[PDB]
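So the sequence lines, in the order shown, correspond to chains B and A.
Taking the deposited numbering, I'd label the letters of the first sequence as residues 1 to 218, 231 to 427.
Per the deposited numbering, residue 1 is the first one in the second sequence, and the count goes up by one each step.
We put the CB at the ideal spot given by N, CA and C, even for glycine.
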Amino acid sequence: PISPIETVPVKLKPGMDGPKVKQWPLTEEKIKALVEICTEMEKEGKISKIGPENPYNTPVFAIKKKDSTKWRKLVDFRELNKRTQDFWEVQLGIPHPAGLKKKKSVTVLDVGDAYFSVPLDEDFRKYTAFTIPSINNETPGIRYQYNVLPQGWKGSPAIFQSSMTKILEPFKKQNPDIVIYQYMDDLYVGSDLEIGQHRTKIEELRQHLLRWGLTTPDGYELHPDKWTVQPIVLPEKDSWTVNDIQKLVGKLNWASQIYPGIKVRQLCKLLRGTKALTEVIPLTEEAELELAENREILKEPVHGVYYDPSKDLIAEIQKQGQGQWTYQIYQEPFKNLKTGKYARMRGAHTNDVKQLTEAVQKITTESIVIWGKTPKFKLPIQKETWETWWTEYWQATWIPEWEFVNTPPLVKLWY
Amino acid sequence: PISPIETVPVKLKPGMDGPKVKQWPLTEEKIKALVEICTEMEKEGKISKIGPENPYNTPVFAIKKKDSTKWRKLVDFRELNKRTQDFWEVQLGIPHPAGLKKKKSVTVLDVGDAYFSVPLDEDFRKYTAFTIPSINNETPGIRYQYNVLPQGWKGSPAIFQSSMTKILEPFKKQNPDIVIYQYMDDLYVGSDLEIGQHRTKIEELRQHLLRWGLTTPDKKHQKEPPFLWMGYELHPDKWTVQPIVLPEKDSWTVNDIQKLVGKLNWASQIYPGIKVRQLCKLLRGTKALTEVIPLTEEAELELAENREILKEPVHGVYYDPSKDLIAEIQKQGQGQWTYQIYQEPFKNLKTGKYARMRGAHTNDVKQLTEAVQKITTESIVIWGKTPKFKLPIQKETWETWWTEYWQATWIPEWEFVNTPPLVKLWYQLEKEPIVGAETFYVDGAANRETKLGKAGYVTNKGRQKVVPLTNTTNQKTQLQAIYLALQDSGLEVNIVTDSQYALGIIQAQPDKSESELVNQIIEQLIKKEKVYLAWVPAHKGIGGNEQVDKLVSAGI
Ligand SMILES: C=Cc1cc(N(C)C)nc(S(C)(=O)=O)n1
């Protein structure tokens, strides 16, 4: 219910005002969902109607979870989070289980049903304002603010973290093998056991959470080992034209910003003079040395690349064509923490925005598992298109931040 | 009267203070028109003289105006407005006629006075004080203060609309089939009740309104087929917009103009092409809202084109939820796009012209896509669903494009409409270098100081060019050199550049561009049969590039 607890007071960062984010228009199917849902929530004291004396707002919308179901609210607290983010202690519980990424399987649960117990600090409620829109602006918007900890607030798993440790203590004892990481609204649960077993030790945890009053759905299956970084590789075919060598050189020249031992001069030697593109050039030994030499640096992973906790994680995506998408995750230019591809598209799926939406989620749950932080995305799409269609494929309870860019001619340098 | 609703609490801005703007009065004329309008309002309870003295103050420049012998007071809350807390705008836009459905009966009550019938936060009236002067250029004088939502105040439509949706909630509960929509002083009441029962609800509602201090006219406007809601004309089977006339007067008081921005941007939601983001500048700050202001060359131009768009009335049908929505787009005057949204042929709900253009170098397919998006957003906003599209483009033109575009794009469900000018790709670049083509090594250079440069090329057939340039920049000579190569070569050519800049633009495949130069390159591009553009790093001594570089470099 709403258990008699002292409201943990909370205060935005200094100098900063609460969110004032305009609301995106929603389809009718969605506005109905959000009207029902909020109606129940207001009945149960979870939220309250407010008037327009409250200048703050936060987008709302609705998604239809993973592998079908029936609607769910989702409040885009991005702006309020970064306006409130990491206060004092209570922060992201433990500095993230560095182990979890190693476990054979990881499963995800939606413990978000918690949070609706704990009241929210009086003087903060107003910063949680949110407004269900109206089709054709017929009725005014229906504004609610929160009274309990809200599902997407980041300040929520923080405040509730004392209690979740208690609830879980008994389970982690009877199971010191199994790793348990809370991020935002989900618990990431990773074992080493065999599928049938692991999936058993998950329900136990669901029932264990029930016996402490939490209640869950009734996410994904995740296999962290086997997230193999993708090493940059050079063309193999022998029959080099002046073109092939030119591409080759340009690429190695760029790739020399990542790996400092790479040399090009023996390949520029083969290209002296003003030759035509088509013209086949005999690969001299000294060159085929430099090329086998170089080929074998692009092999071993890099050194000098360590996560820096106080710095944002960035993530670039490039459309590669055949339903393939390449991405890299990094914190300063050219020092990649990970690089991967994502594919698996044909027929009843081919839809740039859909694939890009799926990749953005998968990349993001890789980051949560590997560092306990979501990456600020660089999306190869146009603001309008993306803002127009993303909530149609979203199935996750968090939302990473993102920017919009024009992919350079470096789609090439990765694949 | 004055509604008994509970007031909305209203704070002055974070660390701020009320308007202490002293009155600039004295006219000995019309200072009598006030105190008559005031002492009437003082009786209806809308204001009251302030006891224990001081302070704060707002102007009261009253303009009786050529309303045909009328006396009108006009508090200027412009400065109080800047100190009042922000409010949330709870609507995404003004409603659109086409978004209405057919109802057997509709009525449009005019809420009488309204802002004037909702009380003001008690603690906040103090800051709404004003003054009426007298003979003795000394107090004497007289000092009032508002008890109800003041006319120009910043919070008066937000608060008023909140007070109203409150007052109605009970009535909407007992009557779930009646639909009431509010918009300022107009209240639309649709229903599928027999003409007779309706009129009775409409009476029950007028009483509810009255018990809550809200009066609604019984002589009812001039209700013929033209029932008027929000300045639209609703007929059981169509809506029409009353062509707006923008009167030409040079008595353009700061007010009269301030009222023009209101009317014009109300119109832009019905009419595509209204610009008002210009003459707004004929304001900014506080400059006596009676001070006749002269038309500039910047605003008097556009306002002149405005009368032109509003010239021709607009109309359309109502929305029926059992049918899909179909949107059709056609290409017009290069970057000009027309579109219609309908459900039954020839029966349009809404038509428009989209122009915009996105970037400095665009093309037709991406430009179309932009329109398919804007139109999509519109459909969700007005009807909350997505339309099916008919488009001047071939499944295979779109197919090859997205499948060779580094960015990601997408259009919902669509159908080829074989129509006037089709949208097509005005050329394509080779993916491989062409065999037996003069391989052009291009390059330019500019001296950021003197602003001089050169652009030139070198081929694998001994052909060379170097052109001296005045007032260019590096990235401009990079495009210049590419142009040379294009124009001095056969139908089939291989160009090789070191400018990732120049390479970006060309690889996008623009057919229109901001820069004239890029156009000349565009022109040249389509005149060719086969073109293949290549990139290599500067200063690696790569054969060809190295020679061209040296050649154009008596600048570097
Ligand atoms: C100027 C504001 C305004 C406002 C308005 N509304 C809001 C109906 N209508 C007009 S009108 C009669 O010119 O179409 N103007």
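When DSSP reads this structure, residue 266 of chain A sits in no beta bridge, so it has no partner. Distance from the CA of residue 70 of chain B to the CA of residue 76 of chain A, rounded to the nearest whole angstrom, comes to 53 Å. Here the segment 287 to 299 of chain B lies against the segment 238 to 257 of chain B, with 3 or more beta-carbon pairs under 8 Å apart. Taking 8 Å as the upper bound for CB-CB distance, residue 341 of chain B and residue 360 of chain B are not in contact here, some 30 Å apart. Cβ contact annotation for residue 72 of chain A (same chain, cutoff 7 Å, sequence separation greater than five): 62, 63, 64, 65, in chain order. Neighbours of residue 162 of chain A in chain B, taken as residues at a C-beta separation under 9 Å, are given in chain order as 51, 52, 53, 140. Sorting B:262, B:384, B:350 by C-alpha distance to the C-alpha of residue 410 of chain B places B:384 at the top. Residue state for residue 218 of chain B is assigned as coil, using DSSP reduced to three classes. Residue 238 of chain A is not a Cβ neighbour of residue 190 of chain A, given a cutoff of 8 Å. Residue 351 of chain B carries a strand assignment under DSSP once its states are collapsed to helix, strand and coil.
Secondary-structure assignment with DSSP links residue 415 of chain A through a beta bridge to A:390. At a cut-off of 8 Å, the C-beta of residue 314 of chain A has no neighbouring C-beta in chain B. Residue burial is scored here from C-beta neighbours: residue 318 of chain B has fewer than 16 other C-beta atoms within 10 angstroms and is therefore classed as exposed.
When A:160, A:104, A:231 are compared, the shortest CA-CA separation from residue 194 of chain A is found for A:104. The three-state secondary structure of residue 136 of chain B, taken from DSSP, is helix. A direct Cα-to-Cα measurement between residue 447 of chain A and residue 550 of chain A gives close to 14 Å. CA-CA distance, residue 232 of chain B to residue 370 of chain B, rounds to 13 Å.
Chain B has a Cβ within less than 8 Å of the Cβ of residue 441 of chain A. The beta carbons of residue 496 of chain A and residue 484 of chain A sit no closer together than 8 Å. Using a Cβ distance threshold of 8 Å, residue 99 of chain A and residue 31 of chain B do not count as a contacting pair. Within the segment 365 to 398 of chain A, the residues whose Cβ lies closer than 8 Å to some Cβ of chain B are 369, 370, 373, 374, 376, 377, 380, 381, 382, 383, 384, 385, 386, listed in chain order. Taking C-beta atoms as the reference points, residue 493 of chain A and residue 440 of chain A count as a pair closer than 8 Å. Taking 7 Å as the cut-off, the C-beta of residue 15 of chain B does not count as close to any heavy atom of ligand 1.
For residue 77 of chain B, no alpha helix (DSSP H) segment is defined, and its DSSP state is neither H nor E.
Separation of the CB atoms of residue 57 of chain A and residue 124 of chain A is rounded to 15 Å, and the pair is thereby denied contact status at 8 Å. The criterion of a C-beta distance shorter than 8 Å is not satisfied by residue 185 of chain B and residue 121 of chain B. Within the segment 331 to 350 of chain A, no residue has a Cβ lying closer than 8 Å to any Cβ of chain B. The DSSP-derived three-state label of residue 299 of chain A is helix. Between the segment 81 to 92 of chain A and the segment 194 to 207 of chain A there are fewer than three inter-stretch CB-CB distances shorter than 8 Å, so the stretches are not counted as touching. Taking C-beta separations shorter than 6 Å and ignoring five residues to either side along the sequence, the partners of residue 416 of chain B in its chain run 391, 395, following chain order.
Taking one beta carbon from each stretch, the segment 362 to 369 of chain B and the segment 403 to 411 of chain A have 3 or more pairs nearer than 8 Å; the two touch.
Residue 129 of chain B sits close to residue 56 of chain B, with the two beta carbons spaced by under 8 Å. Taking a Cβ-Cβ cut-off of 7 Å, the neighbours of residue 94 of chain A in chain B comprise 137, given in sequence order. Residue 33 of chain B is outside the set of residues whose beta carbon lies under 8 Å from a beta carbon in chain A.
Judged by DSSP secondary structure, residue 376 of chain B falls within the alpha helix (DSSP H) whose first and last residues are 364 to 383. The three-state reading of DSSP puts residue 157 of chain A in helix, counting H, G and I together.
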